[PDB]
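Numbering (the deposited numbering), first residue to last: 1 to 76.
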């Protein structure tokens, strides 16, 4: 699905991929396109963070509808 990804800088990004894809797979399309090692980035979703491995579908989301995610910076 077209998962939305908004950054604190407003930089929006759209990734079209089957929710069964892994999480580290997504962070990949980002890390390369932004060149920001996930180390200095932490994702926030509904008050919970995403763990490595496992997929979005495999996690069994409740709404399974439009998934909204927002990337955050490390430190400040």
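Virtual Cβ for every residue (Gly too), placed ideally from N, Cα, C.
Three-way DSSP call (helix, strand, coil) for residue i in this model
| i | result |
| --- | --- |
| residue 17 | coil |
| residue 33 | helix |
Sequence-distant residues of its chain with Cβ nearer than 7 Å to residue i (five each side left out)
| i | result |
| --- | --- |
| residue 6 | 12 and 70 |
| residue 16 | 2 |
| residue 68 | 4 |
CA nearest to the CA of residue i, picked from the options
| i | options | result |
| --- | --- | --- |
| residue 24 | 38, 75, 66 and 74 | 38 |
| residue 53 | 10, 9 and 19 | 19 |
| residue 60 | 21, 10 and 9 | 21 |
Beta-carbon contacts of residue i that lie in its chain and below 6 Å, excluding the five residues immediately before and after
| i | result |
| --- | --- |
| residue 44 | 70 and 72 |
Test: residue i CB closer than 8 Å to a CB of chain C
| i | result |
| --- | --- |
| residue 27 | As a matter of chain content, chain C is missing from the structure shown, which is built from one protein chain. |
Beta bridge counterpart(s) of residue i as assigned by DSSP
| i | result |
| --- | --- |
| residue 70 | 6 and 44 |
Residue i, enclosing alpha helix (DSSP H) - first and last residue
| i | result |
| --- | --- |
| residue 58 | 56 to 59 |
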